[PDB]
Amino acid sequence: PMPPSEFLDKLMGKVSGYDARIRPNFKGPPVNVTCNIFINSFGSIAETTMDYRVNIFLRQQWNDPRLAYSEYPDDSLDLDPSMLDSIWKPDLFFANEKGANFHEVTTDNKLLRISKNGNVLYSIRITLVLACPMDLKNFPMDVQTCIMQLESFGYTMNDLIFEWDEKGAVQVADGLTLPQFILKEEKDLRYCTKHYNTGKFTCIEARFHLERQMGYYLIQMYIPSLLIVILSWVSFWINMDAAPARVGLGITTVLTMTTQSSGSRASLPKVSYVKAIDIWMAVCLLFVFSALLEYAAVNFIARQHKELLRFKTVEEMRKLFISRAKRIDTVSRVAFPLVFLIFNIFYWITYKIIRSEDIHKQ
């Protein structure tokens, strides 16, 4: 029978001794805050500035003794979010972030629900440009581990304690997909406490293990390099007397291998360690460069042939240099793709075992 306006100005009134600046149960045990997040959107992962953009529904549960009411019989009592000025919302800030803008569209995207015993549910929708450092030791295949850290500002560990939720940890939205990565099902909850000269502060973090998909990099980078190496193999069947043809074919394959290697590393930060694509493009470039060196040795042997022919064992030395120049081409035509196939299976199995070692060590 009681009207709701006096009831919802009674608990936050200045005739009441609420004092929203003062934390609950002052001069006592620390407040325990339970947090669960809901990943609404995850994406826009950029490697060159090492950050990613999430959309989260940050839900914070804490108990306030002064907020308890015994008049109304309903337990939930969902409230309007405009009177969220004097409730004592806890301070929370993300340790590694940029941006972090609120959503003010059509209303402030906020949820306030005060239970009968004093439990408060506080939900806010925020997009954060979270910055995570990434390791690029293996660029085509890799398991990145993005770190999201939630800690407090201005309340030490003896006054405010952040804890993860027990029923579930992180709720991902159904149907959420990433175009370039695959989000793993398990998520780590390791809370570490940062120490500062001012004091220690409560901090909880969650880790997402991101598997990079290998379907795009196989089409864009691995197959055109094989096309270039196969073309340099095609140069072996051409006639050895046709010098501009073989020289031009080999030179253009080396040039396009260099430009392809320079263009695949363009969308990447300037890291200072050797990656896997470096190894792949280096061995492919070495293969086309060795093909050009093989033709240069063949044409040098033919040069020695032509100088000793035109100005005495001349016939059998002509035979020896033509037979040797034919033997080099005949053994190269078999030896080049076989050693390339050997390198391919060795590289692929060692990266398969180091990828499985990364997924086993985690």
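Here the rigid core means the biggest group of C-alpha atoms that line up within 1.5 Å when the two forms are laid on top of each other. Note that residue numbering follows the sequence shown and begins at 1.
| Comparing 118-126 and 214-222 where Cα RMS over structures and residues is taken in 8 other deposited structures of this protein (core fit), larger one | The stretch that sits farther from the shown form in 8 other deposited structures of this protein is 214-222.
| task | With everything overlaid on the rigid core, name the stretch, 137-145 or 254-262, whose CA atoms wander farther on average in 8 other deposited structures of this protein. | result | Between 137-145 and 254-262, greater C-alpha deviation in 8 other deposited structures of this protein belongs to 254-262.
| Looking at the other compared entries that model residues on both sides of it, is residue 52 unmodelled in at least a third of them? | Residue 52: modelled in every other compared entry.
| query | For residue 294, does the count of other compared entries lacking it reach at least a third? | reply | Across the compared entries, residue 294 is modelled every time.
| request: Pick one of none, 1 to 3, 4 to 9 or 10 or more for the number of deposited-sequence residues not modelled between residue 311 and residue 312. | output: The entry leaves 10 or more residues without coordinates here.
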